[PDB]
């Protein structure tokens, strides 16, 4: 009797949404903690927090058997995961676009985009500490991310989430960071 199939499926969904949300939130917390740790210098516990995030990502992936919901609310957490990963990889001098996760296209793309910001932050504090090498390396992975990711601008925005906006922000950041680099060079004399 159809109404009871409704009631059933709605109870299932309410439950799933609650649990999923819990998991996704824990994942996000670990991603964020990871990023902050990397800014702080502690890359070891950054890798720890990261591993925690990914295990939780398997737990998250468990809920794909609820297509309605799922995709409407995975993105943010997924983005940060990618962001955090790319970010660690950049500062470890092992940056790759070859991150293999069961994540949505929008989230992959956008996570990479988001890393550009963290990179600007990093490159800027290193600029201040006098470490021009790390800065110019950061710069380089930034420009790489932008340049490669712009290729997906050709898609209708709705499919590719907030990609054009984020990339325009990135571009502004890259210019600011280059100016800062030059300024830091001339400053330190």
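Residue numbers count along the first chain shown, from 1.
Between 163-171 and 5-13, the higher mean Cα B-factor belongs to 5-13. Comparing 67-75 with 80-88, the stretch with the higher mean C-alpha B-factor in the PDB entry is 67-75.
Comparing the listed residues 57, 150, 139, 36, the entry records the largest Cα B-factor for 57. Highest CA B-factor among 128, 53, 40, 145, as stated in the entry: 53. The entry lists a Cα temperature factor for residue 176 that places it in the lowest third of the chain's modelled residues. The deposited CA B-factor of residue 46 belongs to the middle third of values across its chain.
For residue 94, the recorded CA B-factor ranks within the lowest third of the chain. Only modelled residues enter the ranking.
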